[PDB]
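So the protein lines, in turn, are chains A, C, D and B.
With PDB author numbering applied, the first sequence covers -26 to -22, 23 to 372.
With PDB author numbering applied, the second sequence covers -22, 23 to 372.
With PDB author numbering applied, the third sequence covers -22, 23 to 372.
With PDB author numbering applied, the fourth sequence covers -22, 23 to 372.
All C-beta atoms in this analysis are idealised placements derived from N, C-alpha and C, irrespective of residue type, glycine included.
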Amino acid sequence: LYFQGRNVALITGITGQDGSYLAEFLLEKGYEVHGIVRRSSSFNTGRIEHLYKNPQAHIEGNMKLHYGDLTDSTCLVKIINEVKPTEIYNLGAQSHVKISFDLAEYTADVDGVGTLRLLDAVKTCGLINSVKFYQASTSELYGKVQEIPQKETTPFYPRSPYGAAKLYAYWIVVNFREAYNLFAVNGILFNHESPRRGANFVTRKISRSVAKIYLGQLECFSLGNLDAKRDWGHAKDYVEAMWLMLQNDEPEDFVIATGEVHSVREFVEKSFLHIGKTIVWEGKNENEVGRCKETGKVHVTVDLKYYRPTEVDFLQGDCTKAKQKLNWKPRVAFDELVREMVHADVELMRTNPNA
Amino acid sequence: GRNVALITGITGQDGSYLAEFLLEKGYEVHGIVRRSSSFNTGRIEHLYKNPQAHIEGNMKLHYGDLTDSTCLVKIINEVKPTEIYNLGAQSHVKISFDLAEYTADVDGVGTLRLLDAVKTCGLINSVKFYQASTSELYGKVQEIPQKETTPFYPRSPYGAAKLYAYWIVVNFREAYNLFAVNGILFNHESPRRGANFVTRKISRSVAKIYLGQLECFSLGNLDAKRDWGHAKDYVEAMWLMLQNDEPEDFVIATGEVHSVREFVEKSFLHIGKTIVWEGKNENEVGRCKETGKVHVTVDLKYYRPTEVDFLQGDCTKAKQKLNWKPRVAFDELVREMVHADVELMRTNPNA
Amino acid sequence: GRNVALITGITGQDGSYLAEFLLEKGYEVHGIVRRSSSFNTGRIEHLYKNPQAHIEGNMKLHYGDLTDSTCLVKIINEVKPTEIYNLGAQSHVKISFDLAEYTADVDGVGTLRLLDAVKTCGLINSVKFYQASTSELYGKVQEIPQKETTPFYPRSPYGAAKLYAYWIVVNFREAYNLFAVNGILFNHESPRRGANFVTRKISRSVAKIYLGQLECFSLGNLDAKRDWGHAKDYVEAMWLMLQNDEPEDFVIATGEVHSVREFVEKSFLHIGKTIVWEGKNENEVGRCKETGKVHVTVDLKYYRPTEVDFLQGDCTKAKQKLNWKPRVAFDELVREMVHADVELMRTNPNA
Amino acid sequence: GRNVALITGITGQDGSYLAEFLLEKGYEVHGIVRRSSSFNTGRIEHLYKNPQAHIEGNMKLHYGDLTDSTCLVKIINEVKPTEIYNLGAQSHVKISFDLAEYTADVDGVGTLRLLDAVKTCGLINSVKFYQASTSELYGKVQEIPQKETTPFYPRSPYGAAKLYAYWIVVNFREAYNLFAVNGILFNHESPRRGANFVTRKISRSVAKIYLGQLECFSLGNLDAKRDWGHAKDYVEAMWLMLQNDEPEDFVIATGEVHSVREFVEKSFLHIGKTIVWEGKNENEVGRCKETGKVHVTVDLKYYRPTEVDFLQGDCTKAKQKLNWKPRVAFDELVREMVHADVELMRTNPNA
Ligand SMILES: NC(=O)c1ccc[n+]([C@@H]2O[C@H](COP(=O)([O-])OP(=O)(O)OC[C@H]3O[C@@H](n4cnc5c(N)ncnc54)[C@H](OP(=O)(O)O)[C@@H]3O)[C@@H](O)[C@H]2O)c1
Ligand SMILES: NC(=O)c1ccc[n+]([C@@H]2O[C@H](COP(=O)([O-])OP(=O)(O)OC[C@H]3O[C@@H](n4cnc5c(N)ncnc54)[C@H](OP(=O)(O)O)[C@@H]3O)[C@@H](O)[C@H]2O)c1
Ligand SMILES: NC(=O)c1ccc[n+]([C@@H]2O[C@H](COP(=O)([O-])OP(=O)(O)OC[C@H]3O[C@@H](n4cnc5c(N)ncnc54)[C@H](OP(=O)(O)O)[C@@H]3O)[C@@H](O)[C@H]2O)c1
Ligand SMILES: NC(=O)c1ccc[n+]([C@@H]2O[C@H](COP(=O)([O-])OP(=O)(O)OC[C@H]3O[C@@H](n4cnc5c(N)ncnc54)[C@H](OP(=O)(O)O)[C@@H]3O)[C@@H](O)[C@H]2O)c1
Ligand SMILES: Nc1nc2c(ncn2[C@@H]2O[C@H](COP(=O)(O)OP(=O)(O)O[C@H]3O[C@@H](C(F)(F)F)[C@@H](O)[C@@H](O)[C@@H]3O)[C@@H](O)[C@H]2O)c(=O)[nH]1
Ligand SMILES: Nc1nc2c(ncn2[C@@H]2O[C@H](COP(=O)(O)OP(=O)(O)O[C@H]3O[C@@H](C(F)(F)F)[C@@H](O)[C@@H](O)[C@@H]3O)[C@@H](O)[C@H]2O)c(=O)[nH]1
Ligand SMILES: Nc1nc2c(ncn2[C@@H]2O[C@H](COP(=O)(O)OP(=O)(O)O[C@H]3O[C@@H](C(F)(F)F)[C@@H](O)[C@@H](O)[C@@H]3O)[C@@H](O)[C@H]2O)c(=O)[nH]1
Ligand SMILES: Nc1nc2c(ncn2[C@@H]2O[C@H](COP(=O)(O)OP(=O)(O)O[C@H]3O[C@@H](C(F)(F)F)[C@@H](O)[C@@H](O)[C@@H]3O)[C@@H](O)[C@H]2O)c(=O)[nH]1
Ligand SMILES: Nc1nc2c(ncn2[C@@H]2O[C@H](COP(=O)(O)OP(=O)(O)O)[C@@H](O)[C@H]2O)c(=O)[nH]1
Ligand SMILES: Nc1nc2c(ncn2[C@@H]2O[C@H](COP(=O)(O)OP(=O)(O)O)[C@@H](O)[C@H]2O)c(=O)[nH]1
Ligand SMILES: Nc1nc2c(ncn2[C@@H]2O[C@H](COP(=O)(O)OP(=O)(O)O)[C@@H](O)[C@H]2O)c(=O)[nH]1
Ligand SMILES: Nc1nc2c(ncn2[C@@H]2O[C@H](COP(=O)(O)OP(=O)(O)O)[C@@H](O)[C@H]2O)c(=O)[nH]1
């Protein structure tokens, strides 16, 4: 049964980057934390296995995991009915934009309709007035940005099947809030990174590749659009904002961002500086290369296979509303983020060159 | 010289008028029809070459479903259309609250399945694609009237699914140079409109009352306001949007607003009865002034959890670029629908 | 005790007869109806309390779909049935080859969704569940005649989907002690049979030929042999299966076999014509002895890629345990269908 | 000629051994990999041309999912494989009871999606298709031993989904003349086996106990009896089936039966411990004879609602027609698995 003082979180996507930090953040506050984990042929729990009570035996304590999938309605109802959460964080998703162009229907089913399935499970279980629901929305919703900077009232313009699926999810969450008075909020989070970031997102790809070059495991790597500009924060700061949004007296949507913009090119330059290399760019378009000023070796090339058919050229978030209402502020700035990711990947690649 | 149209949703209101419109222009018209335990082709069976033997001529029908990717690829490969009109949908807003996932799968993901089939079949640079978008996208309207630059604010699972479809069509246009357009059509009605949409519900019920086959019927929100046009005028806009030199999205509307209550009042005037209202909210009833008899009541079961209170479309862009303009105005629409349902109900009291 | 039935597929042939059968026994009958752009309730509209107003009495209808889990849970939680008859299906074998995935989703996974909805609602010990299984499971028959223990060998995507449904029903029975049964029904027909199944296609076409509305029609495999009963007899067997003390699977059939050719011959005799066959394979035609006119041809588009040549059911187990026996035999079934279709086609040549 | 394999499920146990096998035979090997938030390629990363940079040579990987029809068509159309091995599946029986619908969509309908992609792509005449069928199809075994003609009786949602897949493969073979075969493989294990299948759970746990990193572990049904072979031997059989001149289904098994209890006993013997059993049912424990410590308990949460008590395969047909025989017998299998897991746990106590 529900009672005041019992805090029970259900996290979809607990094995991902954000889920892993959010689980840690909520455990520290004394929550019982439940997560939904996909069945996989090998365990996919590497980011959260340190949160077992006994990590050698994989015995659970205050973090409890359940097999499920956002495409299986019955499994979501069974889990929610057993857990009776006070807070639900829907972080599960096919979260990669480039992959969404080749997996557009799967991305729609998980990222769009899966949000509806989870909301519908809350309603089926009779929990509409018992649970607070956080939806992981995204600055990708702004796509071809209609305003600079982007805030909660900037109109959406998605540019991928991922963005379209997340737009459905955004509005179905609003509809449950308005139709049924579910406390449900959209966190419109701008890009956020960490050493736990998926390896094929651009920041982690750069930090991994720079680490491999530093260690002699790699000579060169390829990127797509060097001129893309992004607002990059640290995932550990942003999961705190997710929790603050469910602590708010009223269910409101918020932009969470740093408000500071950098290019992919700058992320590359700063990463290489951390291994003592100055990158000099030469050429243009798909023939642009990044050369080490000291040695003259080409370390970065461009490959059109990494371009997106409809690029998101520029993102910059204005989080004034969150600063005023939630008293949220980012604590990690861009330069520290880059150093932390390169440093962590150098250590990772030293231990395991196949990592 | 080749004009081959493929219409999903050909059995519905709009598909039936669009089929007639394209046949009149000499198109070969193909339609996708759902398997049904009884035939669902009543609106188009007059377009068979031999309607007694159900033998096809220039309108050809194919079993399929917007939730079955393989069947869509198979049909598009066989037909090789030059124009595709995606009119198929679970199109009812109230039903979408109880069938939210089905509505997402057909109206949202089904649009992606059809676009993906176009791409799979190698047609991305030859076919022109029309998406049936909707004024329901404006939902809780952010401007009056609503135009192409008015932000969307959907208010039902139908609206949210159609918003996904709107943007996935834009993405296929922008990513792959598909000639694909969104028709943002405001409400449009006809004697072929589904019986549980408000206008046809009213005209059917008023017809039955005129013929003494019914005494009373119940509605939901009487003060909802809508921009109502005639479906036969609007399918022409769909075709015009694919004739345009460049693929653009357009609002199609009359720009004139009336309430459900006004549709009731005008419908009853056509059968010689003046409705006067008494009471409030779910206790409001509509009584014939001349006889004192109650003919209209309100039932909360017909309300929607999140209502769309007001729609009024501004189709300036379509007027200027497509030269489209509506022909049937509200008063004629009501008269036409009441007259047609009187003729139908005369033939069959159970209709 | 409470007698509340939930019928999926209530608008179909069997659902319409089962609803009548259960209403006569005093049940409250609930059905799940697909949203459709025209109403699909023609077989059951006479069961409204007021058929002119479409007001429900003891038969109550709910919009839903076997591919929407949430909707199924909502309906089962509202209705709390004591008996569930899962008759809803894409039931056409030929169309299943073009709609294989949709047929799997509705006929196979939909049965699982309904069973899971029962379990989700906490009714696993409180409901009896009937699954509409089919002689198509025997496909390439491994025994003649076929009984409950005959090994299955399906021959179409419909057969495969129904076989999944058969085994998931058995698994719910064995794993969770659900009172769930498979009715393995052989072909059953009626004047309400879908028009594109072979028996109704023949009876409709013979009627149209009698009335001068049609000259000729085409069939597929004339040599297919079937065990054909009357749907009205067979819905009684479904009910008897849920009255049984223990959940058991049963074959329901006549045990008598006739060819499609024979059904054609007997149907034409009821309009006073003796059909005489000439030619072979795709060139075979049936000609009226009295007039010399060709009335039947063969068209390969009606062949199935993997035919089911022969079905003959052995219903000894049901005769012994349920005291079930069919009341309508083949000759009376034919007469009834031809007679009903002449009446229908006289009233409407486009029917 | 051209030898290009497409392996779904390449990241799994069998896919990793099959990829190795086909690369050694000179094939270009393509694999479909699911998007995952961390890479799921641990079993095959040594097959990159440069494993430090994850650069591909003769093994090429493609993102996809068996539930996404468009992605399968794109991959198959790009690869143009000569052989397709459908190993991708939710392959865990206990998990299938909680994930019944997902298991149906991937293991059942996903097989149809892959077959339909072959057909869509025009490859029906140029590809050989292997389906990963399973002795779980026999479930409550209807013959002992089980062979190709033994009737199936599945006992889980996994079994039911794989039964759908088996018959849809047969139907593509018979309807469209696709060279498509069902490998009916009995249980096969290796040091790459998923950690929550019973053999690998035992070997992992015995290794952790040996190294003092675990005290005890729990099992479900100790008395279940299985036919266990080595995955490395069995992937050769898959390839042999597609080398056959005619498409036939084959049982692949050892024909030797052992219990879970015996697997436990033999595993502990390899670390120098004699397990002795005391108690009954869920209170049964396995105790070290030497030290008196309890190392094995029983937990009903690992029981399946409908167990498969006994499997024993008869692979006479494969021995005659394929000249296949297993190289690894049960005793060596146990030894290899415990030794491998000891070596793993020495490197990483959290493994
Ligand atoms: N990081 C950003 O910059 C950012 C910005 C805004 C919004 N977002 C959104 O925020 C959320 C978390 O981001 P992230 O960076 O943590 O993404 P991530 O690392 O890619 O984690 C995705 C999670 O979702 C799970 N998942 C995927 N498909 C699923 C399914 N069908 N059913 C259930 N679970 C499934 C994954 O499981 P596996 O481990 O099994 O793959 C993983 O746990 C996502 O919804 C993402 O779209 C991210
Ligand atoms: N009328 C309006 O005021 C209005 C306004 C803007 C946009 N729209 C959109 O315009 C389009 C047509 O409107 P309408 O009034 O003609 O709607 P309609 O009469 O309800 O017709 C709906 C059509 O879609 C078909 N359909 C439904 N589910 C399907 C599925 N799963 N697969 C394939 N076909 C399916 C229906 O087939 P059955 O006959 O088998 O049910 C019917 O042919 C719809 O997309 C509607 O949402 C309508
Ligand atoms: N008649 C036989 O000889 C025979 C023999 C053995 C087994 N069966 C099985 O017995 C059952 C009834 O047979 P029938 O002859 O009555 O079939 P039918 O006339 O084709 O009726 C099929 C019913 O299922 C409904 N339905 C179809 N797809 C649906 C979906 N996605 N969600 C919900 N409902 C859906 C149809 O609704 P619409 O009206 O909207 O299409 C109709 O009510 C079927 O399962 C059939 O496969 C028939
Ligand atoms: N081993 C046996 O004893 C045995 C006996 C007979 C038959 N089988 C069948 O043989 C095949 C392989 O067995 P295994 O032991 O190698 O199983 P496994 O280790 O569990 O591998 C399962 C594979 O399928 C992939 N997969 C899961 N869901 C998928 C999806 N939705 N789309 C695409 N790929 C997906 C998995 O990817 P992730 O790595 O991303 O999870 C993995 O590559 C399976 O079909 C299994 O059912 C096994
Ligand atoms: N541990 C690990 N790391 C990998 C793997 N593949 C790539 N990377 C690292 O990922 C980062 C970005 O590389 P990318 O090419 O931008 O990533 P993609 O995900 O787009 O493509 C990768 O897909 C793989 C998949 F199997 F998923 F299809 C393979 O095809 C691989 O060759 C390809 O690079 C870099 O740091 C890589 O080292 C892998 O299997 N295991
Ligand atoms: N021919 C016909 N007309 C019908 C039928 N049901 C309603 N109407 C007419 O439709 C108009 C609107 O009535 P509504 O109540 O607003 O329509 P809904 O679709 O919301 O609800 C209807 O659903 C039916 C369904 F079976 F689909 F669930 C039944 O439950 C029916 O009782 C209910 O009215 C009016 O003019 C009606 O005459 C029917 O079966 N056959
Ligand atoms: N009332 C009505 N009857 C029809 C219709 N089409 C066929 N029949 C009658 O059905 C019987 C069987 O004919 P079939 O050709 O064996 O039926 P199919 O379902 O295989 O094919 C039919 O499909 C239709 C569909 F639209 F669904 F795709 C059209 O293509 C139609 O031309 C074709 O006959 C006969 O008695 C017919 O008179 C129709 O639209 N309305
Ligand atoms: N490396 C690793 N090994 C694990 C993990 N969990 C279990 N094991 C090992 O698996 C073997 C079998 O254990 P089981 O309990 O029979 O396995 P299940 O898959 O049924 O259940 C497991 O599910 C997990 C999941 F997150 F997936 F839900 C967690 O709940 C975990 O506590 C539970 O054991 C043993 O050798 C374990 O060491 C893990 O996260 N990482
Ligand atoms: N993932 C990825 N992104 C790249 C690459 N090269 C440039 N980018 C750009 O980097 C930006 C951020 O991409 P990503 O990290 O995947 O996050 P996104 O904002 O969700 O698309 C996008 O504009 C990409 O187009 C590359 O090799 N991989
Ligand atoms: N369908 C329907 N709508 C009603 C009824 N009573 C009032 N309305 C209102 O009429 C308006 C138009 O409804 P509808 O014809 O279904 O078309 P919509 O604009 O797409 O929702 C909506 O605001 C409804 O809430 C009723 O009985 N049925
Ligand atoms: N539906 C249909 N079946 C035909 C036709 N001609 C021959 N048949 C055969 O009649 C038999 C019964 O078919 P049908 O009535 O559809 O029921 P089924 O037994 O479920 O396939 C099958 O063997 C068909 O192949 C035809 O024109 N239509
Ligand atoms: N996975 C698993 N199986 C167990 C356990 N204890 C007993 N078994 C039995 O071991 C047998 C083989 O199980 P498994 O390795 O998962 O493969 P399966 O034959 O496909 O079910 C089954 O009869 C299980 O019930 C356990 O803890 N885990």
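Where residue i sits in the DSSP three-state scheme
i: residue 117/D; result: helix
i: residue 345/D; result: coil
i: residue 381/D; result: The structure shown does not extend to residue 381/D, since chain D is modelled only from -22 to 372, so the question has no answer here.
i: residue 325/A; result: coil
i: residue 331/B; result: strand
Proximity of residue i and residue j at Cβ, strictly below 9 Å
i: residue 206/B; j: residue 255/B; result: yes
i: residue 211/D; j: residue 253/D; result: yes
i: residue -22/B; j: residue 103/B; result: yes
i: residue 30/D; j: residue 108/D; result: yes
i: residue 179/C; j: residue 163/C; result: no
i: residue 189/C; j: residue 143/C; result: no
i: residue 27/B; j: residue 105/B; result: yes
i: residue 203/D; j: residue 156/D; result: no
i: residue 277/A; j: residue 350/A; result: yes
i: residue 315/B; j: residue 302/B; result: no
Residues that residue i bridges to, as DSSP identifies them
i: residue 273/B; result: 206/B
Please specify which runs of the alpha helix (DSSP H), each continuous and at least 4 residues long, are wholly inside the stretch 212 to 255 of chain B, giving them in chain order.
-> 219 to 231
Any chance the stretch 179 to 189 of chain B sits against the stretch 277 to 290 of chain B, with 3 or more Cβ pairs inside 8 Å?
-> no
Of all the alpha helix (DSSP H) runs that stay within the bounds of the stretch 142 to 204 of chain B, which reach a length of 4 or more residues?
-> 178 to 197
What runs of the alpha helix (DSSP H), each 4 residues or longer, lie entirely inside the stretch 56 to 106 of chain D?
-> 90 to 100
Using 8 Å as the threshold, is the stretch 234 to 252 of chain C in touch with the stretch 61 to 81 of chain C, meaning 3 or more CB pairs across them?
-> no
Are the stretch 330 to 347 of chain B and the stretch 165 to 174 of chain B in contact at 8 Å, needing three or more beta carbon pairs?
-> yes
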